[PDB]
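Chain naming here is simple, since letters A, B, ... match the order of the sequence lines and numbering starts at 1 in each.
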Amino acid sequence: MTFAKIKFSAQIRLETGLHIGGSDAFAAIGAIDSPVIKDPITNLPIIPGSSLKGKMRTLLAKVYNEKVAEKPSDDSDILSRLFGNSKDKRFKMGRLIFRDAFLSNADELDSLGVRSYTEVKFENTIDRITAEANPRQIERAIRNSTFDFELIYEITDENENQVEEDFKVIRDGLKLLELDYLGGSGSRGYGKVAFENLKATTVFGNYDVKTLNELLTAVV
Amino acid sequence: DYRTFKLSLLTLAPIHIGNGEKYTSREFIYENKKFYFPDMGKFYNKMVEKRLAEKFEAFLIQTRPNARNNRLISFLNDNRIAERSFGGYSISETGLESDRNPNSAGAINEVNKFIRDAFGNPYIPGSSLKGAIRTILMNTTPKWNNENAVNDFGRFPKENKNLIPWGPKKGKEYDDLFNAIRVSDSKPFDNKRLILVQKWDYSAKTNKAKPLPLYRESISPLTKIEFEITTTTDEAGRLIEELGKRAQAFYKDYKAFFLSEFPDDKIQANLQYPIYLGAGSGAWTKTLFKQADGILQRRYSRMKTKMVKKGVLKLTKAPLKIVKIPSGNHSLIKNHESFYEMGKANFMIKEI
Amino acid sequence: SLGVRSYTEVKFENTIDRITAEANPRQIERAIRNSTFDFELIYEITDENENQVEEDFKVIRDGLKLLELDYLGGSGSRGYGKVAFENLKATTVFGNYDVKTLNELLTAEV
Amino acid sequence: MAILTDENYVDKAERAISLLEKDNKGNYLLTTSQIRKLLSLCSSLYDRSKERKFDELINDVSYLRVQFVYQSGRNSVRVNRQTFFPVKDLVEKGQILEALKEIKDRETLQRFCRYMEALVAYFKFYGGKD
Amino acid sequence: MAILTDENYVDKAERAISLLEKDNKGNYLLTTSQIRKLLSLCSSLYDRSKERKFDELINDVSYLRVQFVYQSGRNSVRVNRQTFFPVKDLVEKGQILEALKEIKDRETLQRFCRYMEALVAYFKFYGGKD
RNA sequence: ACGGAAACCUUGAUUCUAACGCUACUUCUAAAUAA
């Protein structure tokens, strides 16, 4: 009925480091490593909301669909209602707004004795016949680097008897993200994240989320 | 959906996973039966408050030190400094870290670094364990360890990297087996569990160990590390749940192919599922030795360090340790000359 | 002064199919994160009761708060266009009107 | 006096690297794998000089200087029974240490970092190997 | 002699583009992804020259020259068992470094920027990929 | 004691919706011959 906005605010802590990617537009003169996406001003690593939204949608598409989902526009009611759908007039604008995650504990990381906020992992491949190695370099955000994760969920008139299902979907999306890796070569041990201090606060309108915060802490 | 396994790794022998860097002789001091590895930034900071920057520059810029101007302890003693606390870390003296003595001229001119994260603590990357697991699975499967694993359509034989399908293929469902096996990396396991082992080679034709000037930083024996292996598909789930009984089969093939020719008192015994991690373990532990035999030898036929027959056995030296297993007292090695099989470890995999 | 070389960055993204997992790339243009823009909004008072002008002030404040909590134009569902209004204040440029309480509530509510 | 000015450091890179040593076949002796850590430190220090002032950037500059004086003496390439030390000759010809000595504020620090970028760029221009 | 005059730079860009290297299949080895950074830097310098004097744009021209030199030798393509440098031959044939050296006032800067725009337009006209 | 005097081409309208810079990859192999 009434309009409200619930802001899920968390801290993404990198258990392992994170290689989001991007192209060599901020790459240093002489560096041959694959760069990580960086702020154009501070050059600190960031987690773009596009990667979070894409990985969360792909993970939830294997749980809340029970269909084929050849394309993103074919997703179910429960997912297109939150993440949006370009081929449905009722779900063109989703109720979930993701935000870019920026570094927050740079001071703490410096107090921990860190020379640079990004590291260069050397990593090779071995031929199984000739035993000849071909090394390369991958740039990753360092471990124990927290980012501010802000997600905004609107509660309009259509958000009757569906807010709890949306909360469940958001919770299990974060759970699946913790169970999986954020963007990168996470099949070798990258991108492992953990969401800390996960709480929901009504930033606009009137809504009681006292039953949501305890249930957030109880599982996630 | 996802099956998560815990892999507990217990090193039975020193394990080295380098990063390309090397401590030169002017970065560590051998004294008080320990190897101190000072941080050069803090070293410079406390020798600019003591006004010895210029002679330090002359000590490090120097291109050809003869015998003793190559050691940092020589600089420390020449200029009368006794303030050895500039960050860093210390490695307890093994005893067996090197032939000759750690003093005098030759000693240890280079120490291969262990892989360390941005905070300076060591860890085992998940890609190293994944490479070992991939070698185990490929070498124990007749559809992957066959004649199709070589690519003779070229100048020299090389591995058929597309024998196991990978990558996105146009108009085809995803068929990547090893994207499902998501091996994570360890946690920082502190700098107190490292030693300075040296590479020795044992030739079956000569029957004596030959030391080599290749010194490494390796994890001490009897070190417990924990990895998480997340699997998403049923095929890779069956493969990982069979990682034990596949490691045993791979080790049985390896023992009947290579390790049987060497004296049984050098080859170690297994408490848990065998595995070979890190550098210096040998080429056969990193290859499909059923197919790579003949090709790998021919790669080195025209070099000075010729590979003769199937090669030599890599046997480092680290202190003997005995485990009070609930069966008796199991010594790690069967020889009194303190000869570990470098790069060996054991593991147990559960389904937590 | 912050050493920037371009006022617009290029964000590289990709889209991967759910069946074949092929990454079709793309690149789009973004404004720099910490850019500021001069925002001027002029409100006119004619035949409007004190209750009406107060209601309009409340609606303007709620509009600015909603713009802060939502995204300005673009692909804001993926972390775009998040704006915040700094040094927000109201000064009567024409006529005589008291905006002391309006400025106080503009600084409080923001 | 100063060795680096905003009008000549680019041209100074030309004279610094054109006189580097070379094998008999004509290829260069220095490779990017030897000066990788120095370039990373210079890039990070230039990146941090934008936001953070110079009164707490002195230790990073001292670390960069000691790293230069380490990598110059450490790296060596032996060709045809003849040893050579390419990073030391790069530092000697490019006057890297003397430029590091004159770094006193943000502007000269950024000029030195851009000089390092010029040196590596032009080294890649004339066939340097990674 | 001036290498870029107001009545020949488009023709020079044509001649340069038509003279670039090619493989067996008749495709350009240079791609716009390799020269994207240079194009962005040239565009930013162009729209900064409209309202800002040249005496405080020397750093931007210096960086632009450094980037051209770097990207000339950074990227290469392995074809027919030999390595090609596309941006290097583009710079050598188009005399980019020679136009950069002669940049002295605002008009020469803007002329060089327009020459680069003509070069990319013509490169895309003759089948240059992305 | 001007075919002249009076007349705003003005009112509202987000260049917006969907999209993981993704895929496989152990910083690793070789120790001959002489003594």
Quiz prompt | Given F/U26, F/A30, F/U27, the nucleotide with the shortest approach to the side chain of A/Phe122 | solution = F/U27
Self-check item: Pair B/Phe289 + B/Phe257: ring centers closer than 6.0 Å
Solution: yes
Quiz prompt | Distance test, side-chain N/O of A/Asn85 to OP1/OP2 of F/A18, below 4.0 Å | solution = no
Practice problem: Give a yes or no on whether B/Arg100 atom CZ has more than 12 heavy-atom contacts from other residues, nucleotides or ligands under 6.0 Å away. | Solution: no
Quiz item: Rounded to the Å, how far apart are B/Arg134 CZ and F/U23 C1'?
Solution: 12 Å
Quiz item: North or south: which describes the sugar of F/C22, going by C1'-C2'-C3'-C4'?
Solution: north
Practice problem: Return the value, rounded to whole Å, for the distance between atom NZ of B/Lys310 and atom P of F/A32. | Solution: 16 Å
Practice problem: Using a heavy-atom cut-off of under 4.0 Å over every strand shown, decide if A/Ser187 touches base, sugar-phosphate, or nothing. | Solution: sugar-phosphate
Quiz prompt | Outcome for F/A18 when its sugar is typed by the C1'-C2'-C3'-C4' torsion | solution = north
Quiz item: B/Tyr300 stacking on F/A30: centroids under 5.5 Å, ring planes under 30°?
Solution: no
Quiz prompt | Nearest listed nucleotide, side chain of B/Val312, among F/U29, F/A32, F/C20 | solution = F/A32
Quiz item: Between F/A31 atom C1' and B/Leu212 atom CG, what is the distance in whole Å?
Solution: 6 Å
Quiz prompt | Interatomic distance, B/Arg302 CZ vs F/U33 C1' [rounded to whole Å] | solution = 16 Å
Practice problem: Indicate syn or anti for F/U26, taking the glycosidic torsion and treating anything within 90° of 0 as syn. | Solution: syn
Quiz item: What orientation do B/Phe189 and B/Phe114 show, parallel under 30°, tilted 30 to 60°, or perpendicular over 60°?
Solution: perpendicular
Exercise. May I ask you to evaluate whether A/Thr125 reaches the phosphate of F/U27, defined as a side-chain N or O under 4.0 Å from OP1 or OP2?
Key: no
Quiz item: Checking only heavy atoms, does the side chain of B/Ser128 share a donor-acceptor pair with the base of F/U26 at less than 3.5 Å?
Solution: no
Practice problem: Classify the nucleic acid contact of B/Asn179 as base, sugar-phosphate or nothing, counting any heavy atom under 4.0 Å across all strands shown. | Solution: sugar-phosphate
Quiz item: What nucleic acid atoms does B/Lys130 come within less than 4.0 Å of, heavy atoms only: base, sugar-phosphate, or nothing?
Solution: sugar-phosphate
Exercise. Ignoring backbone atoms, test whether C/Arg78 places a side-chain nitrogen or oxygen under 4.0 Å from the OP1 or OP2 oxygen of F/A18.
Key: yes
Quiz item: A/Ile47 and A/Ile12: which non-hydrogen atoms are nearest, and at how many Å?
Solution: CD1-CG2, 4.0 Å
Exercise. Check every atom of F/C20, F/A19, F/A32 against the side chain of B/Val308 and return the nucleotide holding the closest atom.
Key: F/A32
Quiz item: Is the B/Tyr254-B/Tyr276 ring centre distance short of 6.0 angstrom?
Solution: yes
Self-check item: Distance-only donor-acceptor test (3.5 Å): side chain B/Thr305, base F/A30
Solution: yes
Quiz item: So what does B/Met307 touch, heavy atoms closer than 4.0 Å: a base, only the sugar-phosphate, or nothing?
Solution: sugar-phosphate
Practice problem: Whole angstrom is fine here: how far is it from CG in A/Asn134 over to P in F/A24? | Solution: 17 Å
Self-check item: Phosphate OP1/OP2 of F/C22: any A/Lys55 side-chain N/O under 4.0 Å
Solution: no
Practice problem: From the options F/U27, F/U26, F/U33, select the nucleotide whose nearest atom is closest to the side chain of A/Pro135. | Solution: F/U27
Practice problem: For the pair A/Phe149 and A/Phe195, name the ring-plane relationship: parallel under 30°, tilted 30 to 60°, perpendicular over 60°. | Solution: perpendicular
Quiz item: When we call it a touch if two heavy atoms are under 4.0 Å apart, what does B/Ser281 touch: a base, just sugar-phosphate, or nothing?
Solution: sugar-phosphate
Exercise. Look at A/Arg128 and F/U26 and indicate whether a side-chain polar atom (N or O) is within less than 4.0 Å of OP1 or OP2.
Key: yes
Quiz item: If the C1' atom of F/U10 is compared with that of F/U14, how far apart are they to the nearest Å?
Solution: 22 Å
Exercise. Kindly check the sign of the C1'-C2'-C3'-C4' torsion at F/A7 and name the resulting pucker, north or south.
Key: south
Quiz item: F/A30 phosphate, OP1 or OP2: any side-chain N/O from B/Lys314 under 4.0 angstrom?
Solution: yes
Exercise. May I ask you to classify the sugar pucker of F/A13 as north or south from its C1'-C2'-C3'-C4' sign?
Key: south
Quiz item: Tell me: CG of B/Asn19 to P of F/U26, nearest whole Å?
Solution: 17 Å
Self-check item: Below 4.0 Å: OP1/OP2 of F/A24 and any side-chain N or O of B/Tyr174
Solution: no
Practice problem: Verify the contact: side-chain N or O of B/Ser127 to OP1 or OP2 of F/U27, cut-off strictly under 4.0 Å; return yes or no. | Solution: yes
Self-check item: Worked check of side-chain contact (heavy atoms from CB on, under 4.5 Å) between C/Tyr71 and A/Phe98
Solution: CA-CA 10 Å; C/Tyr71 58 90; A/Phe98 289 79; over 6 Å; no
Practice problem: Mark yes or no: B/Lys113 above the aromatic ring of B/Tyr23, with NZ or CZ under 6.0 Å from the six-membered ring centre and no more than 45 degrees from the axis. | Solution: yes
Quiz item: OH of A/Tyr190 versus P of F/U26: gap in Å, rounded?
Solution: 12 Å
Quiz item: Looking at C/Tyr71, does any N or O in its side chain come under 4.0 Å of the phosphate oxygens OP1/OP2 on F/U17?
Solution: yes
Practice problem: May I ask you to verify if any side-chain N or O of A/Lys53 is less than 4.0 angstrom from the OP1 or OP2 atom of F/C20? | Solution: no
Exercise. Name the nucleic acid region contacted by B/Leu129, choosing base, sugar-phosphate or nothing; use a 4.0 angstrom heavy-atom cut-off, strictly under.
Key: nothing
Quiz item: Would you say B/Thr287 reaches F/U29's phosphate, i.e. side-chain N/O to OP1/OP2 under 4.0 Å?
Solution: no
Quiz item: Between F/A5 and F/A1, how far is it from one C1' atom to the other, in whole Å?
Solution: 13 Å
Quiz item: What nucleic acid atoms does A/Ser185 come within less than 4.0 Å of, heavy atoms only: base, sugar-phosphate, or nothing?
Solution: sugar-phosphate
Quiz item: Of A/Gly84 and A/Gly49, whose closest RNA chain F nucleotide lies nearer the 5' terminus?
Solution: A/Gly84
Quiz prompt | N-O pairing of A/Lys192 and B/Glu228 below 4.0 Å | solution = no
Exercise. Starting at atom CD1 of C/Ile28, determine the distance to atom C1' of F/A18, rounded to an integer number of angstrom.
Key: 13 Å
Exercise. For A/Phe91, report the nucleic acid contact type (base, sugar-phosphate, nothing); a contact means any heavy atom under 4.0 Å.
Key: nothing
Quiz item: Below 4.0 angstrom from OP1 or OP2 of F/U27, is there any side-chain N or O of A/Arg136?
Solution: no
Practice problem: May I ask you to say what B/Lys161 touches in the nucleic acid, namely base, sugar-phosphate or nothing, with a heavy-atom cut-off under 4.0 Å? | Solution: nothing
